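When the letters of the sequence shown are read in order and numbered with PDB author numbering, they come out as residues 10 to 361, 381 to 403. Note sheet for the following structure.
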Amino acid sequence: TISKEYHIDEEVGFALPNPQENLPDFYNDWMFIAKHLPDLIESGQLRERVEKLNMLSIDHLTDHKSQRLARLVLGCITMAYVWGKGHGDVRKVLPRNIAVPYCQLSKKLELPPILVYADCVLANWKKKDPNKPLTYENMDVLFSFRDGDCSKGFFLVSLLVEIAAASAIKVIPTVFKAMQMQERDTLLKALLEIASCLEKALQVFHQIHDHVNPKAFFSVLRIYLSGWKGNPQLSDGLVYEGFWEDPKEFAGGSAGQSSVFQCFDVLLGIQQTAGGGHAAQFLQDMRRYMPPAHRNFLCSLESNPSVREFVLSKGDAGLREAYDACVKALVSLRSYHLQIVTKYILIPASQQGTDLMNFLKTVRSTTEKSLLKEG
Ligand code: HEM
Ligand SMILES: O[C@H](c1cccc2cncn12)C1CCCCC1
């Protein structure tokens, strides 16, 4: 069994199990703004409502779930405040009334004061009926940015892939125990169960077409998830008034911050983070935007003996085929994902991307080159 200190759930994996939907009454002013971003932004009332807030203390957020919900509320408000209507009129100073509690809560959770994948995907969900299974029809997001932005489809389909991966994550300890105990048959069975689970996760990706449309995703959702790191619109970063004197740069919400495929890259010895390349530097940097428990899970997998080295040292075709079935399942997920990116980003950008495609192609290439046979 995976240690409880890694915050990995048997059912939902890296996702936050049963996230909190409501904050204590003390934070009603935060919740009102966050729940009505589409309306407040469109009417030009968002920035005024934010500037009218009183500085609320974070001491009444007494557990992980309420703190995670609060991080999500303040992060969505910060994106709406900075980007406004998403047309270029930006704010370069985040008011102290929100910047101070946001940075305090971020320091406590060891995350940067910007919306990350763990907020907008991992904690941004609920079951409609708690007695029904984790299916799209029985689920919803907690917050969106604009009407018709497809954030429910995008965040929920990412979450459903994250949940499909949970059945593979839970087999990780069986793999390491079989290697330590020198139990070849147990290792082969575990590698095939991981491959089977990752193969099932591919079908989950097909749901993206039913719930997201390219125009809205490209022109709207992409704008609100942007950060202020290497961004010409906020060339020096954002001023977090009352917390830091100088403006600070933070990258926008990204699945590069996700642990879902990354723990399988680490498990299988696919060295995505090796070297000084752009792709490797970006994946390493994005670990800082990942929850500490999850960052710790990855580095502890890196400390464990190599599964690839063990499989290569045995002269066993069945073991190599089971290992390659896991690598191939990752290649298939990344190849399908590249087709999604062509439809949702490449084509809309052409009707007005290269670096995004190159990063994804490098990660997919590194995965494919790890196959022991399929060449
Ligand atoms: C509308 C659909 C989607 C689009 C347009 C899209 C786009 C992108 C882009 C452009 C990146 C590169 C990193 C960045 O620019 O921030 C990325 C990375 C990534 N995405 Fe998505 N994505 C989509 C759906 C999904 C879903 C549903 C998942 C499921 C969890 C997912 C998982 C990943 C992962 C794991 C990465 C990191 C790179 C890798 O490990 O291969 N994506 N995505
Ligand atoms: O990398 C980002 C991201 C955020 C959240 C989930 C997710 C799934 N795949 C990519 N994801 C962004 C989102 C906006 C467009 C460019 C990529």
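All residues carry an ideal CB built from backbone N, CA and C; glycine is no exception.
Here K337 carries a helix assignment [DSSP, helix/strand/coil]. In its chain, beyond the 5 residues on either side, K136, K137, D138, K141 have a beta carbon closer than 7 Å to the beta carbon of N147. Residue burial is scored here from C-beta neighbours: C308 has fewer than 16 other C-beta atoms within 10 angstroms and is therefore classed as exposed.
The closest heavy atom of ligand 2 lies less than 8 Å from the beta carbon of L384.
Taking 4 residues as the shortest admissible run, the segment 180-261 contains the following complete alpha helix (DSSP H) segments, listed from N- to C-terminal end: 181-189, 193-214, 217-220, 231-234. Beta-bridge analysis with DSSP links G22 to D18. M88 is bridged by DSSP to nothing; it lacks a bridge partner.
Here the alpha carbon of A210 sits roughly 8 Å from the alpha carbon of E171. DSSP places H287 inside the alpha helix (DSSP H), whose first and last residues are 287-294. Per the C-alpha coordinates, the member of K44, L384, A358 positioned closest to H346 is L384.
Beta bridge pairing from DSSP links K136 with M148. Inclusion of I42 and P110 in the CB contact set at 9 Å is not warranted, their separation being larger than that value.
By the C-beta criterion, the segment 42-58 is judged to be in contact with the segment 77-96, since at least 3 inter-stretch pairs fall below 8 Å.
When distances are taken from the beta-carbon of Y298 to the heavy atoms of ligand 1, even the shortest one reaches 8 Å or more. The residues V91, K101, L103, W237, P256, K257, in chain order, have a CB closer than 7 Å to that of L247 in the same chain once the five nearest residues on each side in sequence are set aside. Spatial neighbours of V221 in its own chain (CB-CB distance under 6 Å, excluding positions within 5 residues in sequence) are listed in chain order as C159, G162, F163. Of the other Cβ atoms in all chains shown, fewer than 16 fall within 10 Å of the Cβ of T71; this residue is therefore exposed.
Take the alpha-carbon of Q212 and the one of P357: they are about 24 Å apart. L103 carries a strand assignment under DSSP once its states are collapsed to helix, strand and coil. Cα atoms of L120 and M299: separation of roughly 7 Å, rounded to the nearest angstrom.
In this structure, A358 has its CB at a distance of at least 8 Å from all heavy atoms of ligand 2.
For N27, there are no CB contacts under 6 Å within the same chain when 5 residues up- and downstream are skipped.
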